[PDB]
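All remarks here apply to the structure that follows.
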4 protein chains.
Amino acid sequence: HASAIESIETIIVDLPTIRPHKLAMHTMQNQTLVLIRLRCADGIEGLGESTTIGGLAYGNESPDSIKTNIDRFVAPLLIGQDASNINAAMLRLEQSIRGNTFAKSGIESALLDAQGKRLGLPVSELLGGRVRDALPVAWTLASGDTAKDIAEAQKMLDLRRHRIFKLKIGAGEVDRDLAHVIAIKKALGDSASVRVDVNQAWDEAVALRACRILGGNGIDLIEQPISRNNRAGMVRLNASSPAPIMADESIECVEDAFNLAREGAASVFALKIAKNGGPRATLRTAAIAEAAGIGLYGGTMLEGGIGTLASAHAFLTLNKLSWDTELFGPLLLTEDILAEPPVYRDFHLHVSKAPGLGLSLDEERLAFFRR
Amino acid sequence: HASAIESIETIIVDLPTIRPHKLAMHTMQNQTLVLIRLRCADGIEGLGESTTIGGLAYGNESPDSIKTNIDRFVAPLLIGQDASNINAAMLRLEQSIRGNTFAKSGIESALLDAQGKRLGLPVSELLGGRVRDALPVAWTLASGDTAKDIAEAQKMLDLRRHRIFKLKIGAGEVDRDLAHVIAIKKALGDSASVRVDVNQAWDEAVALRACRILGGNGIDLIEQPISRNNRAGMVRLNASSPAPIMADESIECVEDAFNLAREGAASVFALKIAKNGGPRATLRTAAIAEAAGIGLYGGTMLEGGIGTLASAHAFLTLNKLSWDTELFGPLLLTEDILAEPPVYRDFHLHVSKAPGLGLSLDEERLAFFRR
Amino acid sequence: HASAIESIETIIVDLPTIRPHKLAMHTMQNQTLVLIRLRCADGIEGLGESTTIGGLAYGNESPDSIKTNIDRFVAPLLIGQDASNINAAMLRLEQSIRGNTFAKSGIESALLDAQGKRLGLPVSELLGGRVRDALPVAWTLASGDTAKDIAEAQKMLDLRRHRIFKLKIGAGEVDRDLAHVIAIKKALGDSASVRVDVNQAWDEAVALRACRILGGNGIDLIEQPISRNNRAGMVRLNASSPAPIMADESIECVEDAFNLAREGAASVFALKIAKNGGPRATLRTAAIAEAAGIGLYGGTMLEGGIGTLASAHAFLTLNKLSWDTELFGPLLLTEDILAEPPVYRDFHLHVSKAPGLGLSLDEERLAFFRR
Amino acid sequence: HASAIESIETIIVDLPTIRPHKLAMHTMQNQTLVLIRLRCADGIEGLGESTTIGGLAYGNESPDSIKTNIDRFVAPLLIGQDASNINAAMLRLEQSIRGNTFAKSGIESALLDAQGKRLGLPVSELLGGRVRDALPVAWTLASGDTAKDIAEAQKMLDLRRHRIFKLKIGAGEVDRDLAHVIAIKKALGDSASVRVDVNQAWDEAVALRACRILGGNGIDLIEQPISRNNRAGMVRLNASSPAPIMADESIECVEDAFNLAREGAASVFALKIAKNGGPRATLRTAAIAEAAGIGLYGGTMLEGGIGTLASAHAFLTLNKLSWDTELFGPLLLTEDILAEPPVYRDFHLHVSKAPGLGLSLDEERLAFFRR
Ligand SMILES: O=C(O)C[C@H]1C=CC(=O)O1
Ligand SMILES: O=C(O)C[C@H]1C=CC(=O)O1
Ligand SMILES: O=C(O)C[C@H]1C=CC(=O)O1
Ligand SMILES: O=C(O)C[C@H]1C=CC(=O)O1
Ligand SMILES: [Mg+2]
Ligand SMILES: [Mg+2]
Ligand SMILES: [Mg+2]
Ligand SMILES: [Mg+2]
């Protein structure tokens with residue numbers, strides 16, 4: 001085919017971050033991305049990104065294993081295939097490859113980028129058409145210090161950078177974590193929306209009490225308070241919690257979205273291209289949530305500009321994202337591999353109408369930071 | 001915008017059929033279509049079709065009211081809008097217009113046709129990319145006579161036209177309808193798949209027995225045996241019936257698909273663009289079904305070539321249609337408004353790769369049959 | 001520590017098989033194992049095995065990615081740790097590594113082997129004590145030809161090798177697969193137990209009928225007929241099926257076992273060390289099943305002698321394995337890396353009381369077949 | 001066998017306590033233990049303990065009937081059996097003896113002690129390996145006087161003996177018991193965790209109100225508020241109670257643990273070797289709880305040092321005991337039969353790495369207190 005895939009190169013890139021990022025299960029000291037360079041017979045190159053958090057501390061795919069599986073199994077299946085038929089290409093992978101959603105997400109992102117350049121259309125238009133040009137972007141406070149977090153949030157407000165804050169908790173004693181969250185919301189008052197993410201850290205026995213306290217203290221959303229494995233517990237917590245509960249880790253594929261909606265495990269779903277298998281699969285998960293009356297949140301696995309924009313282009317097509325987005329990955333990185341970073345201003349991420357993902361590689365940064 | 005919608009004309013067309021088509025609630029003596037001609041500033045015209053069965057005997061929208069609502073409410077909302085952004089256009093309609101899925105389906109079909117011509121791509125590619133070029137097509141036997149039906153099916157087999165037969169029942173006494181179906185399957189044996197559609201005609205009290213008899217006599221699928229209103233009954237029948245049950249009328253929007261899947265009301269879903277609001281909405285319903293492990297069937301409201309191809313292009317992108325399709329509408333019509341009819345041969349409908357819906361109007365037929 | 005782990009080497013070994021093995025999603029032409037060589041400060045070496053089927057066609061871990069993740073993440077965490085405290089070592093991995101059960105299984109197997117040699121006890125005794133010395137072993141028929149399968153089963157009976165047969169179906173047309181299974185059971189009659197494994201291939205719409213037919217034709221067990229994602233469907237099938245349903249792919253961790261038991265998704269559970277994270281985790285899954293009144297089956301991912309014996313030693317401690325085992329992996333391989341193969345005779349696998357896994361490496365075979 | 005069991009002697013020992021211990025159904029004025037002395041052919045003696053509370057006021061086994069059933073049924077089954085294969089020995093008992101979990105617990109404890117001495121390993125290592133050397137120990141306040149309880153708790157805090165307090169209620173008027181608990185928590189404030197145990201005393205009609213009041217007054221956990229027989233009620237209370245509910249009496253075997261988890265009867269499970277049938281069975285119950293996302297608590301039936309250490313060794317292997325333990329039995333006894341008592345300091349019980357249960361009998365105390 002004139003648009004046959006000729007090569008797929010995966011590159012692991014280690015990039016510095018602006019500060020330690022403390023999650024319940026892991027403390028980030030930097031970030032590692034897997035860049036995908038997909039080249040086609042018509043001379044077009046598509047760029048994609050597969051990124052996770054903390055090696056294997058978050059999910060079963062590491063940047064290392066993502067490269068291994070793409071090089072050994074994905075490339076052989078796609079090289080020679082028509083790059084202009086994305087649905088057929090991704091279904092070809094689906095029939096021979098189980099799981100590996102992070103790898104698939106990066107691959108589809110690259111195909112979409114190339115197809116966008118091929119047709120001279122931004123990805124958002126390839127996916128149906130945008131209904132907005134900007135997306136609201138929350139900011140995560142996870143320094144591990146209450147005083148530092150409050151100061152940081154106040155500055156982001158003054159800079160008109162962020163007005164929605166996500167607090168990482170679950171690593172310490174429940175009451176200390178609760179006091180921490182309450183103190184932050186008290187300091188910010190009505191000037192900002194404060195939410196929390198427990199990253200599955202709590203047992204239902206703890207969550208049933210903690211959610212009541214948070215809801216009674218101005219916390220707007222409680223993300224994945226308990227293990228995705230306590231299916232019945234998540235359903236019960238949705239009933240006892242006065243604050244809405246959002247599912248994140250509970251979604252590891254489109255089918256999980258349906259089952260969670262069927263069971264009533266959460267009233268809001270985080271949408272992550274890495275967890276669903278790319279922008280298109282993520283839109284199917286969004287369709288399921290919408291059909292069930294479940295709110296949407298534009299999630300991230302802390303991707304750099306490529307993965308962030310791939311996510312953004314899909315979100316631009318959604319009717320509504322009631323709970324906004326957390327597409328701040330590029331801002332946590334002190335250095336990224338894009339020639340021009342995404343545009344952030346006035347509490348939003350602004351997406352252009354340039355072809356594909358509307359970005360280009362910074363060859364110097366790639367050369368220095370690639371492993 | 002360069003692709004602004006300049007006009008939308010709705011035309012009611014009354015066309016002759018090859019023979020009376022007897023459904024449980026109505027007997028068709030002909031067919032009426034609503035043609036949509038959408039013209040854009042860049043000189044491109046998109047064609048769409050909104051068609052139903054028996055006036056108001058099947059659904060709440062008649063060809064007459066579809067024209068009324070499109071002319072009075074849809075056109076005012078779309079004229080002047082960018083035709084190249086289909087998602088924004090359909091969402092604009094969704095925010096101001098409740099229901100009217102048949103009208104919406106015709107409108108989106110026209111927009112897709114125009115966009116396909118605009119980019120020089122068939123609709124199937126606009127929707128992501130085809131994974132097949134042909135679709136298996138079933139045939140409905142509904143003459144009202146057992147001997148006639150058997151003869152007709154045998155001929156369709158000999159002509160290599162159809163090998164899957166759908167039998168319309170529910171208008172007569174249950175046992176007489178059952179004998180009718182059993183006699184047909186007995187005569188055809190393993191040379192064909194025989195299924196039935198009761199069009200909601202039976203009460204659960206009757207269906208619980210009838211489904212057992214049909215399943216025990218070689219009937220492969222039982223379509224909408226009871227009222228969509230007996231929600232609990234459909235769930236119970238899925239358990240007592242040895243033959244799979246398919247939901248059709250139970251789906252009147254994407255959200256219904258989710259609720260039916262949540263409740264376990266059917267193991268197979270019929271996919272109709274008219275019932276969901278167009279090809280794109282139908283793909284969302286398909287995504288929900290797939291995520292729930294529910295089989296897919298390419299349904300029809302007996303549309304002519306335009307509506308049939310709009311449906312076909314969407315179905316070409318589905319990973320699998322386990323229960324095939326019933327896209328035979330153009331074959332039931334003795335006359336259609338296409339210059340070249342869809343290609344049917346060797347038990348399938350063959351879809352080309354021509355731009356848009358790959359069709360053109362027969363001006364002479366349109367002029368003579370338009371109301 | 002005196003028993004500190006000094007090194008962990010992972011070796012990918014490609015071995016020939018006796019014949020093509022056709023599963024619903026993949027056709028095996030050979031087999032690849034990941035050998036784990038764990039050496040301790042006290043001069044003891046423990047051997048473990050992490051093996052899967054068809055690259056990524058079966059699960060999300062490939063032999064390639066298993067090596068990548070063990071070398072990059074597991075080794076760093078364990079080197080220097082006390083090898084004699086297996087629970088602490090495996091929990092150390094669990095707190096930093098998500099998923100990767102296949103890798104974990106191989107690691108724990110190696111630790112158990114080393115600990116057995118260290119104490120001069122077979123693994124079965126380290127795990128509590130055996131209650132049997134032999135395990136019944138089924139045989140899978142998957143040549144893709146009915147005549148060939150019947151002949152093969154008859155020979156295994158005559159050789160007193162196997163009397164329980166597992167038939168792989170789901171790749172072809174349902175009725176053809178059903179005829180295939182029925183013909184085999186008809187030919188063998190009461191001389192053997194015939195079961196099937198659909199490897200998630202069927203939709204519930206198909207399974208609800210197929211299970212009835214199989215149960216009515218002498219088929220003793222139906223393994224994973226539908227997708228693990230159709231949670232509600234598996235529960236419904238357990239009620240409509242006259243033949244017991246066994247969960248396999250539905251179990252990807254110990255927690256899944258609990259949820260399946262809670263929901264009533266299957267009446268029998270396959271026990272696979274690779275799917276649970278090693279012999280010890282598998283015994284926890286067995287404990288859950290037993291507590292729920294669910295039958296046990298000793299499963300396999302087609303491991304060679306090392307993985308097969310690691311599985312066997314755990315199964316020797318179970319009170320009862322009502323549905324026997326399928327520990328025939330070493331028999332499907334024309335060549336393995338053990339100096340002395342496991343002992344198979346009179347329909348059983350016979351496990352010795354030698355220290356650890358009671359095996360040693362064949363250096364010549366390892367050298368020739370290692371990648 | 002070289003390690004054949006040659007004799008099993010059961011000895012009832014009546015020991016003085018430090019003060020009356022008032023439970024909802026009984027007031028303890030002393031404590032009675034059943035010591036098990038199991039001697040093997042290799043000259044090794046294993047010690048075990050089967051102890052309950054208040055004769056038959058708590059459970060169906062009394063110290064008297066435990067001795068009767070062990071002497072008449074257990075001994076005959078085990079004498080002559082290989083003591084080094086604990087799993088086979090306990091399964092041999094399970095196939096011929098129904099219930100009698102207290103007796104079984106003492107027997108397995110003795111076998112583990114002997115096996116530990118045989119291999120020169122502490123029981124915790126026989127069970128897989130410890131992940132901690134110390135266990136947090138709560139203290140029960142049950143003098144029947146509010147002023148006395150507050151003073152006692154304050155002293156235990158000052159002595160760095162205990163900082164978690166369990167209050168026995170249910171014997172008096174609900175409001176008086178509630179005032180009692182609230183006054184104690186008020187006096188201790190944040191310096192201690194206060195929990196209650198109602199020992200099944202309340203009717204659901206009372207519990208639904210009382211749990212709300214306790215949860216709203218700083219009470220951290222509510223143990224078995226109602227009858228284990230009101231299965232549906234326990235499930236309902238888990239939803240209405242703002243404080244987590246723990247199941248104790250509801251667990252009388254491993255299977256009960258599964259059923260309670262399936263039904264959602266409690267969010268925390270008390271782990272008692274006497275109620276499950278020994279350390280090993282208790283670890284299976286813990287595995288079920290963990291798989292269900294249910295918190296763990298190290299429970300006691302007020303055993304002396306032998307039974308307390310048997311429990312402790314098992315708990316040392318658990319990944320996490322979110323709700324700590326109540327292994328204070330030896331502290332309630334003014335006299336025990338151990339030559340050296342367990343080590344309690346700085347809010348914890350410290351377990352050594354000595355072989356077996358790491359203890360020896362005080363021949364003088366045994367001689368004087370044995371019945
Ligand atoms: O929250 C997660 O699970 C992943 C990621 C999203 C933002 C962030 O701070 O971490
Ligand atoms: O069956 C329906 O409900 C509508 C239509 C589909 C084919 C047919 O014969 O009628
Ligand atoms: O059946 C599976 O899923 C895996 C494996 C077990 C035996 C066999 O033939 O394949
Ligand atoms: O609470 C029980 O049911 C039994 C025991 C545990 C400690 C205590 O004080 O009594
Ligand atoms: Mg999260
Ligand atoms: Mg119908
Ligand atoms: Mg299987
Ligand atoms: Mg209690």
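Starting from 1 in every chain, residues are counted up; chains themselves are A, B, ... following the order of the structure tokens, and ligands are numbered from 1 as listed.
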Quick check for you: according to DSSP on this backbone, which residues of region 117-197 of chain C are classed as alpha helix (DSSP H)? Reply as a count of residues only. 35
Please find the residues contacting ligand 8 at a distance of at most 9 Å between atoms, with only C-alpha atoms and all ligand atoms counted, and report them as an mmCIF file with C-alpha atoms, in the first residue's frame.
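Okay, this is what ended up in selection.cif:
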```cif
data_model
loop_
_atom_site.group_PDB
_atom_site.id
_atom_site.type_symbol
_atom_site.label_atom_id
_atom_site.label_comp_id
_atom_site.auth_asym_id
_atom_site.auth_seq_id
_atom_site.Cartn_x
_atom_site.Cartn_y
_atom_site.Cartn_z
ATOM 1 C CA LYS D 168 -16.950 -4.961 76.646
ATOM 2 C CA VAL D 196 -16.184 -1.941 71.576
ATOM 3 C CA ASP D 197 -17.306 -5.572 71.554
ATOM 4 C CA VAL D 198 -20.994 -6.292 72.144
ATOM 5 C CA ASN D 199 -20.606 -10.088 71.969
ATOM 6 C CA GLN D 200 -23.830 -10.439 69.923
ATOM 7 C CA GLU D 223 -17.205 -5.857 67.181
ATOM 8 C CA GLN D 224 -20.101 -8.311 66.651
ATOM 9 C CA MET D 246 -16.001 -6.576 62.833
ATOM 10 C CA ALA D 247 -17.186 -10.185 62.739
ATOM 11 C CA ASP D 248 -16.030 -12.506 65.523
ATOM 12 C CA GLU D 249 -18.619 -15.035 66.678
ATOM 13 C CA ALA D 270 -11.238 -11.236 63.848
ATOM 14 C CA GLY D 299 -8.015 -12.253 67.916
ATOM 15 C CA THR D 300 -7.853 -14.330 71.073
ATOM 16 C CA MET D 301 -10.033 -16.584 73.221
#
```
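CA of residue 88 (chain B) is found 19.9 Å from CA of residue 297 (chain A).
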Inset, instruction - Please provide as a list in words all residues within 10 Å of residue 208 (chain D), with the sequence filter that same-chain residues fewer than 2 positions apart are discarded (counting only C-alpha atoms). - result: residues 202, 203, 204, 205, 206, 210, 211, 212, 213, 225, 226, 233, 234, 236, 237, 238, 239, 240 and 241 of chain D
(Q) What's around residue 353 (chain D) at 10 Å? Count only C-alpha atoms, leave out sequence neighbours fewer than 5 positions away in its own chain, and write the answer as a count of residues only. (A) 10
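If only C-alpha atoms are the atoms counted, then among B:155, B:262, B:1, B:209 the closest residue to chain C is B:262.
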Between A:321, A:34, A:201, A:8, smallest distance to ligand 5 by only C-alpha atoms and all ligand atoms belongs to A:201
Mind checking which residues fall within 10 Å of residue 110 (chain A), counting only C-alpha atoms, ignoring those fewer than 3 positions away in the same chain, and posting them as a short mmCIF file (atom, residue, chain, number, x, y, z; two decimals) with N, CA, C and O atoms, in the first residue's frame?
```
data_model
loop_
_atom_site.label_atom_id
_atom_site.label_comp_id
_atom_site.auth_asym_id
_atom_site.auth_seq_id
_atom_site.Cartn_x
_atom_site.Cartn_y
_atom_site.Cartn_z
N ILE A 8 8.87 0.95 12.86
CA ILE A 8 8.36 1.39 14.15
C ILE A 8 9.53 1.32 15.11
O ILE A 8 10.06 0.24 15.39
N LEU A 35 8.86 6.67 23.54
CA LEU A 35 8.48 7.36 22.32
C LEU A 35 8.37 6.34 21.20
O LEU A 35 9.20 5.44 21.08
N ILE A 36 7.33 6.48 20.40
CA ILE A 36 7.10 5.60 19.27
C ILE A 36 7.20 6.43 17.99
O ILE A 36 6.50 7.42 17.83
N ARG A 37 8.10 6.02 17.10
CA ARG A 37 8.28 6.70 15.82
C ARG A 37 7.84 5.73 14.75
O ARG A 37 8.51 4.73 14.47
N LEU A 38 6.69 6.01 14.15
CA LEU A 38 6.13 5.15 13.11
C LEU A 38 6.25 5.84 11.76
O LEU A 38 5.68 6.91 11.54
N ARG A 39 7.02 5.23 10.86
CA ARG A 39 7.23 5.80 9.53
C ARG A 39 6.51 5.03 8.44
O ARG A 39 6.51 3.80 8.43
N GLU A 45 5.79 10.50 9.09
CA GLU A 45 6.17 9.91 10.37
C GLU A 45 5.13 10.30 11.41
O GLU A 45 4.76 11.47 11.53
N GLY A 46 4.66 9.32 12.16
CA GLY A 46 3.69 9.59 13.21
C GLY A 46 4.37 9.37 14.54
O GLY A 46 5.17 8.45 14.68
N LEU A 47 4.07 10.21 15.52
CA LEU A 47 4.67 10.10 16.84
C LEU A 47 3.64 9.71 17.88
O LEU A 47 2.53 10.24 17.90
N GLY A 48 4.02 8.78 18.75
CA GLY A 48 3.14 8.32 19.81
C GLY A 48 3.91 8.18 21.11
O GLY A 48 5.14 8.20 21.12
N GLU A 49 3.19 8.04 22.22
CA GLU A 49 3.84 7.92 23.52
C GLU A 49 3.13 6.91 24.44
O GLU A 49 1.91 6.92 24.57
N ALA A 83 -1.14 1.97 6.88
CA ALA A 83 -1.23 2.87 8.03
C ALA A 83 -2.45 3.78 8.01
O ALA A 83 -2.85 4.31 9.05
N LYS A 104 -0.43 -0.36 23.16
CA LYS A 104 -1.42 -0.11 22.12
C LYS A 104 -1.78 1.36 22.00
O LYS A 104 -1.98 1.88 20.90
N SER A 105 -1.86 2.04 23.14
CA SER A 105 -2.20 3.46 23.17
C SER A 105 -1.15 4.28 22.42
O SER A 105 -1.49 5.17 21.64
N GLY A 106 0.12 3.97 22.66
CA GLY A 106 1.19 4.68 21.99
C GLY A 106 1.17 4.43 20.50
O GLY A 106 1.39 5.33 19.69
N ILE A 107 0.89 3.18 20.12
CA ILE A 107 0.83 2.82 18.71
C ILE A 107 -0.31 3.54 18.00
O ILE A 107 -0.13 4.10 16.92
N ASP A 113 -1.51 10.44 14.56
CA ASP A 113 -0.67 11.59 14.24
C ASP A 113 -0.32 11.55 12.76
O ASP A 113 -0.46 12.55 12.05
N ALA A 114 0.12 10.39 12.28
CA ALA A 114 0.49 10.23 10.87
C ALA A 114 -0.71 10.45 9.94
O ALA A 114 -0.59 11.09 8.89
N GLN A 115 -1.86 9.91 10.32
CA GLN A 115 -3.07 10.06 9.51
C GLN A 115 -3.51 11.52 9.47
O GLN A 115 -4.04 11.98 8.46
N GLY A 116 -3.30 12.24 10.57
CA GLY A 116 -3.67 13.64 10.62
C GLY A 116 -2.80 14.43 9.66
O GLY A 116 -3.29 15.30 8.94
N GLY A 278 -5.60 3.49 23.86
CA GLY A 278 -5.55 4.55 22.87
C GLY A 278 -6.75 5.46 22.86
O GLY A 278 -7.77 5.16 23.48
N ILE A 306 3.39 14.54 23.86
CA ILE A 306 2.79 13.68 22.85
C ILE A 306 1.56 12.95 23.39
O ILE A 306 0.47 13.04 22.80
N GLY A 307 1.73 12.23 24.49
CA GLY A 307 0.63 11.50 25.07
C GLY A 307 -0.46 12.41 25.60
O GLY A 307 -1.64 12.07 25.57
N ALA A 310 -2.44 13.62 22.61
CA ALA A 310 -3.23 12.53 22.04
C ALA A 310 -4.51 12.41 22.88
O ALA A 310 -5.60 12.20 22.35
N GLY A 356 -2.44 16.45 12.56
CA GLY A 356 -2.05 15.42 13.51
C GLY A 356 -2.14 15.92 14.94
O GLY A 356 -3.12 16.56 15.33
N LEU A 357 -1.11 15.61 15.73
CA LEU A 357 -1.07 16.05 17.12
C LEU A 357 -0.49 17.46 17.22
O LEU A 357 -0.29 17.98 18.31
#
```
Which chain D residues are at most 7 Å from chain C (counting only C-alpha atoms), as a PDB file with C-alpha atoms, in the first residue's frame?
```pdb
ATOM      1  CA  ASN D  85       3.431 -34.246  58.026  1.00  0.00           C
ATOM      2  CA  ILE D  86       1.063 -31.787  59.664  1.00  0.00           C
ATOM      3  CA  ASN D  87      -1.243 -31.301  56.678  1.00  0.00           C
ATOM      4  CA  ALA D  88      -1.924 -35.034  56.379  1.00  0.00           C
ATOM      5  CA  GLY D 128       6.205 -19.311  55.360  1.00  0.00           C
ATOM      6  CA  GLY D 129       8.320 -16.681  57.072  1.00  0.00           C
ATOM      7  CA  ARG D 130       7.757 -13.648  59.267  1.00  0.00           C
ATOM      8  CA  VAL D 131       7.539 -10.098  57.939  1.00  0.00           C
ATOM      9  CA  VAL D 254     -13.155 -21.062  57.380  1.00  0.00           C
ATOM     10  CA  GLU D 255     -16.311 -21.462  55.292  1.00  0.00           C
ATOM     11  CA  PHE D 258     -16.198 -16.892  52.855  1.00  0.00           C
ATOM     12  CA  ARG D 262     -19.766 -12.943  50.026  1.00  0.00           C
ATOM     13  CA  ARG D 284      -6.803 -19.627  55.107  1.00  0.00           C
ATOM     14  CA  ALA D 287      -6.466 -15.300  52.805  1.00  0.00           C
ATOM     15  CA  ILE D 288     -10.207 -15.152  52.133  1.00  0.00           C
ATOM     16  CA  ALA D 291      -8.965 -11.456  48.790  1.00  0.00           C
ATOM     17  CA  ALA D 292     -12.248  -9.723  49.663  1.00  0.00           C
TER      18      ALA D 292
END
```
Quiz item: Which residues in region 215-260 of chain A does DSSP call strand (DSSP E)? List them as an MDAnalysis selection string.
Solution: chainID A and resid 222:223 245:247
Of A:186, A:21, A:320, A:162, the one nearest to ligand 1 when counting only C-alpha atoms and all ligand atoms is A:21
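CA of residue 235 (chain C) lies 25.9 Å from CA of residue 179 (chain C).
Nearest residue to ligand 2 among B:229, B:30, B:140, B:276 is B:140, counting only C-alpha atoms and all ligand atoms.
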